[PDB]
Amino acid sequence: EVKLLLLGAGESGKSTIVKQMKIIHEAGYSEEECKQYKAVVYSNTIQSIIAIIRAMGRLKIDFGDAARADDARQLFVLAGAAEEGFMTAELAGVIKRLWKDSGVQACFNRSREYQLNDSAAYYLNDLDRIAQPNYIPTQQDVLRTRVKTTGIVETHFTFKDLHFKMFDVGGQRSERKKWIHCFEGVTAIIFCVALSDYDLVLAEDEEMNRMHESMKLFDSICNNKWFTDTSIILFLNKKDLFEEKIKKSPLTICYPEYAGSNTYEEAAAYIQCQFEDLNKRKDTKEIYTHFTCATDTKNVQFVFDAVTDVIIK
């Protein structure tokens, strides 16, 4: 009986790691379970297109083609069905024309300037498929869903003859007050960090850099004497989004003294060292770091397999 606790700031990938356990250790989501997320997919998709159109006003960005104005009006007239688990070929068209508009795209490419779901493009780019009549979300569609965790979620599974009890909590500031309820008998903590957060700000605070917040959290948990005997595993998550982002957005936004290049390998090791540096007992305490893509099942499988042997030692 092993107890794992998934900690980290909001949207770091904790719940997505939990979803993988089902796919990797069980048999993935059944049809009835996939259908349950159908409305979340649609809700997520409609909320993402609205967040972009909402930002265009704030940033004063015009549509590329004047006619998009009617489509934008139609969107709100029709948005209500989507939430109920319904997508009409009419609504689908509206969203598709909007998504392809150059002004909408220009706004999309300035997303660090507001709050947008990591999966907006994933879904918006796959509209034809997800809008089909009789659509049932795929395993990846489920993994891509965004649903806020509030409270404590407990999940169980068997792996390598061990019975796992995985604990997951909410990372927003207002939720952190609930973390101490899970502190008992923890075999290992899996601290999730979103690498692509380096240039974003807190949903709960536009004055606070998202990566700095994680550092504050990791420093706290890692050096908490209560966890002196718990294995600290660090997942430097969203390696796939970081890879694409490092090429165009400067890391000096987060770490002003970074003198390396806009490359993945070099910028990734740097962030690793920043976090590993917070450990105050480097000779007595070990940090087990892994770079991950929580939405990629094969990646998570090989990484979880390695993490368990560590737990098995």
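Residue indices: 1-based, along the sequence shown. By rigid core we mean the largest C-alpha set that fits within 1.5 Å across both forms.
Enquirer: Could you check whether 126-134 or 70-78 drifts more from the shown form in 4 other deposited structures of this protein, using RMS Cα distance once the core is superposed?
Expert: Farther on average in 4 other deposited structures of this protein: 70-78.
Enquirer: Relative to this form, superposed by the core, which stretch has the greater CA RMS in 4 other deposited structures of this protein: 229-237 or 163-171?
Expert: Between 229-237 and 163-171, the one lying farther away in 4 other deposited structures of this protein is 163-171.
Enquirer: Using the B-factors recorded in the PDB entry, average over the C-alpha atoms of 190-198 and of 124-132, then report which stretch comes out higher.
Expert: Per the PDB entry, the higher value belongs to 124-132.
Enquirer: Which wins on mean Cα temperature factor, 256-264 or 38-46?
Expert: Comparing 256-264 with 38-46, the higher mean C-alpha B-factor belongs to 256-264.
Enquirer: By the entry's C-alpha temperature factors, tell me which of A79, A89, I221, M166 sits highest.
Expert: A89 has the highest C-alpha B-factor of those listed.
Enquirer: Between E213, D141, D205, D240, which one tops the list for Cα B-factor in this entry?
Expert: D205 has the highest C-alpha B-factor of those listed.
Enquirer: Ranking every modelled residue in this chain by its Cα temperature factor as given in the entry, which third contains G170?
Expert: It belongs to the middle third of the chain when residues are ordered by C-alpha B-factor.
Enquirer: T158: which third of its chain by C-alpha temperature factor?
Expert: Highest third, going by the recorded CA B-factors of the chain.
Enquirer: C-alpha B factor of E31, ranked within the chain: lowest, middle or highest third?
Expert: Its C-alpha B-factor belongs to the lowest third of this chain's values.
Enquirer: Ranking every modelled residue in this chain by its Cα temperature factor as given in the entry, which third contains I152?
Expert: Answer is highest: the recorded C-alpha B-factor places it there.
Enquirer: Looking at the temperature factor on the CA atom of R73, which third of the chain's modelled residues does it land in?
Expert: Highest third of the chain for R73's C-alpha B-factor.
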